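For reference, the structure discussed in these notes is given below.
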Amino acid sequence: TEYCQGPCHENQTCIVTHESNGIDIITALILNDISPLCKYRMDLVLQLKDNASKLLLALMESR
Amino acid sequence: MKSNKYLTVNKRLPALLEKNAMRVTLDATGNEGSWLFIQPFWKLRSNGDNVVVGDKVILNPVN
């Protein structure tokens, strides 16, 4: 986020066009629920989802 | 489907050669012991969660 939460315009391209699936891993973080963590403790999965959403928002900004 | 028989576990029956193992066969009508519980052995779903296609289910004996 702090890499690209500004209109950096470079780290965003560096991240989206990554041959690592990481851009897909962020989406999975948002959507898919963490099965063991969420049952035992729900706050941390919520924090993960919020941070993933903030990162994805950072990934568009002035584009 | 091919055999038209239900997988039933005869609890009080030794296996072919196992010293202290139970026997499982195909009964054409069920001996009231043909109930198998799909517990979450995959460690991904939780009790009551939908059985995930491909999930490592645990078809434990009921009777």
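Labeling convention for the structure tokens: chains A, B, ... as they appear, residues from 1 per chain, ligands from 1 in order of appearance.
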
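Set the cut-off at 10 Å, count only C-alpha atoms, and the residues of chain A near chain B turn out to be residues 34, 35, 36 and 39 of chain A.
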
Compile the contact shell of residue 4 (chain B) as a ChimeraX atom specification: residues with an atom at most 10 Å away, counting only C-alpha atoms, same-chain residues fewer than 2 positions apart removed.
/B:1-2,6-7,26-29

Keeping only N, CA, C and O atoms, take the residues you just selected and write them out as a compact mmCIF listing (two decimals), in the first residue's frame.
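The file below, out01.txt, is the result:
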# COMPACT_ATOMS: atom_id res chain seq x y z
N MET B 1 -22.76 -47.55 -8.56
CA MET B 1 -23.81 -47.53 -9.57
C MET B 1 -23.80 -48.81 -10.40
O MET B 1 -24.85 -49.39 -10.68
N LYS B 2 -22.61 -49.27 -10.80
CA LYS B 2 -22.53 -50.48 -11.61
C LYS B 2 -23.03 -51.70 -10.85
O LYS B 2 -23.76 -52.52 -11.40
N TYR B 6 -25.03 -50.76 -1.97
CA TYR B 6 -24.63 -49.68 -1.09
C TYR B 6 -23.46 -50.13 -0.22
O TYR B 6 -23.49 -51.23 0.34
N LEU B 7 -22.44 -49.29 -0.11
CA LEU B 7 -21.27 -49.60 0.70
C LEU B 7 -21.67 -49.61 2.17
O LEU B 7 -21.93 -48.55 2.76
N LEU B 26 -20.50 -54.54 0.03
CA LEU B 26 -21.59 -53.92 -0.70
C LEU B 26 -22.86 -54.71 -0.43
O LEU B 26 -23.00 -55.85 -0.89
N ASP B 27 -23.78 -54.11 0.32
CA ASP B 27 -25.06 -54.74 0.64
C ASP B 27 -26.14 -54.20 -0.29
O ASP B 27 -26.20 -53.00 -0.56
N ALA B 28 -26.99 -55.11 -0.77
CA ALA B 28 -28.03 -54.74 -1.72
C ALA B 28 -29.23 -54.06 -1.06
O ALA B 28 -30.08 -53.53 -1.78
N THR B 29 -29.31 -54.06 0.27
CA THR B 29 -30.44 -53.45 0.96
C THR B 29 -30.06 -52.63 2.18
O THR B 29 -30.91 -51.90 2.69

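For the pair CA of residue 53 (chain B) and CA of residue 8 (chain B), the separation is 22.8 Å.
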
Residue 63 (chain B) environment, 9 Å, only C-alpha atoms, sequence neighbours closer than 3 positions dropped, as number ranges by chain
B: 9-11, 32-36

Atom pair CA of residue 15 (chain A) + CA of residue 62 (chain A), distance 15.7 Å

Could you tell me how far CA of residue 41 (chain B) lies from CA of residue 27 (chain A), in Å and to one decimal?
26.8 Å

10 Å contact set for residue 9 (chain A), only C-alpha atoms, chain neighbours under 5 positions out, as an MDAnalysis selection string
chainID A and resid 4 14 59:63

Where does DSSP see alpha helix (DSSP H) in region 26-59 of chain A, if you list the residues as a PyMOL selection string?
chain A and resi 26-31+35-40+43-58

Just write the chosen residues, C-alpha atoms, as a compact mmCIF listing (two decimals), in the first residue's frame.
# COMPACT_ATOMS: atom_id res chain seq x y z
CA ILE A 26 -4.85 -10.12 -3.14
CA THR A 27 -8.23 -10.87 -4.71
CA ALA A 28 -8.30 -14.26 -3.00
CA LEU A 29 -7.47 -12.56 0.30
CA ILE A 30 -10.46 -10.25 -0.15
CA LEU A 31 -12.99 -12.86 -1.27
CA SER A 35 -11.16 -21.15 7.24
CA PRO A 36 -9.07 -21.92 10.36
CA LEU A 37 -8.36 -18.33 11.41
CA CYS A 38 -11.89 -16.96 11.04
CA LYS A 39 -13.58 -19.61 13.19
CA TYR A 40 -11.14 -19.17 16.08
CA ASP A 43 -10.87 -9.78 13.76
CA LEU A 44 -7.62 -10.64 11.96
CA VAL A 45 -9.34 -11.94 8.82
CA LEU A 46 -11.32 -8.69 8.79
CA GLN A 47 -8.06 -6.76 9.04
CA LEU A 48 -6.61 -8.77 6.16
CA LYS A 49 -9.66 -8.04 4.00
CA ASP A 50 -9.55 -4.33 4.85
CA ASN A 51 -5.84 -4.09 4.05
CA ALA A 52 -6.32 -5.95 0.77
CA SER A 53 -9.12 -3.56 -0.21
CA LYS A 54 -6.94 -0.57 0.69
CA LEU A 55 -4.09 -1.98 -1.40
CA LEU A 56 -6.36 -2.58 -4.40
CA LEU A 57 -7.75 0.95 -4.14
CA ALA A 58 -4.15 2.19 -4.00

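Using only C-alpha atoms, the residues found no farther than 8 Å from residue 37 (chain B), other than those of its own chain fewer than 4 positions away, are residues 58, 59, 60, 61 and 62 of chain B.
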
Restricting it to N, CA and C atoms, dump the selection as a PDB file, in the first residue's frame.
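part-v2.pdb, written as the output of this step:
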ATOM      1  N   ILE B  58     -13.900 -37.156   5.091  1.00  0.00           N
ATOM      2  CA  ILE B  58     -13.620 -38.312   5.937  1.00  0.00           C
ATOM      3  C   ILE B  58     -14.930 -39.074   6.083  1.00  0.00           C
ATOM      4  N   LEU B  59     -15.065 -40.184   5.359  1.00  0.00           N
ATOM      5  CA  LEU B  59     -16.289 -40.987   5.390  1.00  0.00           C
ATOM      6  C   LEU B  59     -16.201 -42.002   6.530  1.00  0.00           C
ATOM      7  N   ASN B  60     -16.316 -41.481   7.752  1.00  0.00           N
ATOM      8  CA  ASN B  60     -16.174 -42.343   8.913  1.00  0.00           C
ATOM      9  C   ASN B  60     -17.447 -43.159   9.137  1.00  0.00           C
ATOM     10  N   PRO B  61     -17.325 -44.345   9.729  1.00  0.00           N
ATOM     11  CA  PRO B  61     -18.520 -45.147  10.006  1.00  0.00           C
ATOM     12  C   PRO B  61     -19.393 -44.498  11.066  1.00  0.00           C
ATOM     13  N   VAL B  62     -20.701 -44.720  10.941  1.00  0.00           N
ATOM     14  CA  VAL B  62     -21.664 -44.183  11.897  1.00  0.00           C
ATOM     15  C   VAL B  62     -22.015 -45.262  12.912  1.00  0.00           C
TER      16      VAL B  62
END

Within 7 Å of residue 57 (chain B) using only C-alpha atoms, minus same-chain residues under 5 positions, as a PyMOL selection string:
chain B and resi 38-42
